[PDB]
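The chain below stands alone, shown as structure tokens; this is the form deposited in one PDB entry.
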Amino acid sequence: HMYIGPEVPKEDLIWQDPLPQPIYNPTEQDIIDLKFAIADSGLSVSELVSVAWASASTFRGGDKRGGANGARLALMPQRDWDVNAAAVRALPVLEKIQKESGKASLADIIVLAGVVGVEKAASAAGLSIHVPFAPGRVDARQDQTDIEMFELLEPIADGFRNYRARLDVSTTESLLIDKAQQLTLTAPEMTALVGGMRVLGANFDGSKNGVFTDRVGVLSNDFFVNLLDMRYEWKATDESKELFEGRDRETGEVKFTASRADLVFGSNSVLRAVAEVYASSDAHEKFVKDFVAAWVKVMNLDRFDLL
């Protein structure tokens, strides 16, 4: 025997010292294992969706900064932002999962969590769908973050989580459009994300505003069906016109509450045309497929390495 054969693969070698900052290269089986770990973590759909959104939603198309790479949600100041309060209570579990595994960055794991969330919400609505996921993100550390000569702004508003920091007479609807264009979303993709994320229970503070469904955590088209249902009549609750009550016209009962961010989807002609497609009988699969595309789009905004 002359030993001139192919080099045994690195996956077969018994031992190799841990790098103090490992390069990761998760295998398909690595990703599958992480998925099961996340699904069995006891994190809810809403939390899985929340933590994923919070990490990714900082992207600015204007200059191409922000997004889920680097995992700044785990660092200051993002970890402490009011709007991220719900998201951040899920981090410690992914942090532990990341350590036990050592197969992927925390940056990747955060987005994987969103993938698992959307998949579960989909099966709860009677659909098996594959949510695309690309590994490769890295974790930034606190100092690397502190030195950077660009600035990411704590958001005055994020309509996708029905968050509005203070009223200053810039309208909530225009602030939602601003966020959306920062993320380079089209009007249809913005529309699927809002409706999706509403019924998923992704409001920053657990409020029921715009949550037009009795089955939270299920990726249905409930939001759209109930928003366009003429059975309901919509009234402002006071002079601000920031908050609305939807009452059954047949029985008088107050069924829903809503903010301006929710109501605009039925109160602008273009958005409404989109909403009425998603409301359609038998448009559920189509909605789910547009929500997924939109969601994955947002999750990948900053992935210039996937050149």
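We call the rigid core whatever largest set of C-alpha positions still superposes within 1.5 Å between the two forms. Just count from 1 along the sequence shown to find any residue number.
From this point on, the text means the form deposited in another entry, which you will not see here.
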item	value
Which one of 152, 134, 228, 129, by Cα shift of 2 Å or more between the shown form and the other one, core superposed	152
Relative Cα spacing, residue 19 and residue 74, in the other entry - shift of 3 Å or more	closer
Change in CA distance between residue 151 and residue 154 in the other entry, which is 3 Å or more, as closer or farther	closer
